[PDB]
Amino acid sequence: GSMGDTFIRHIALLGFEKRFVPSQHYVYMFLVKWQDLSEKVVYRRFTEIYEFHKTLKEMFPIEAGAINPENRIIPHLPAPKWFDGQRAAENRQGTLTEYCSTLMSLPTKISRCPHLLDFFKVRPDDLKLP
């Protein structure tokens, strides 16, 4: 075999972004730092981060059961539309803010390794847009 997927150094978030398609929703401009591929840029959305996380919990119920109570610091909470106002703002601005720090922390380094890599190397908005 040979290397052809590799691994991650870390994540650094840049800020905002404007994705008016394929539906109306602003998104966040994220910087992924690879230890081989070097600097790489990717665009990320709310429902996508939720779908990721949800998929982790679906495929891995342990990562959402054995890692849920003991590690009761995983970013949960609904989407920013239940309290449409400053508490909708501070939902996404806290949930993402925590998921970046937490996706980095998770002890699921065996479960989440290919997931994170597939969070970034797949990015259907960076180079696999609608």
Mean projected area (nm²) from the convex hull of Cα positions in the chain is 9.0
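In debye, nearest 20, what is the charge dipole magnitude of the chain about its Cα centre with +1 on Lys and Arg Cβ and -1 on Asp and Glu Cβ, if you could check? Please report the intermediate quantities before stating the final value.
Values: 18 positive and 15 negative charges, 32 e Å.
Dipole magnitude for the chain comes out near 160 debye.
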GNM of the chain, Cα pairs under 10 angstrom: of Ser38, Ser111, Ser23, the biggest fluctuation goes to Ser23
Looking only at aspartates and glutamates whose Cα falls under 17 Å of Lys33's and that sit 8 or more positions away or on another chain, we get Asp5, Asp118, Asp126
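With n ≥ 4 as the cut-off for DSSP H runs, can you work out [θ] at 222 nm for the chain, using -39500 (n - 2.57) per run divided by the number of residues, rounded to the nearest 500? Please list the in-between numbers first.
Working: 3 runs with 40 residues, N = 130.
One gets -10000 deg cm²/dmol as the mean residue ellipticity at 222 nm.
We did not get these values from a lab; they are worked out from the coordinates using the rules stated. Cβ: placed from backbone, ideal geometry, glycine included. Neighbour counts: every protein chain shown.
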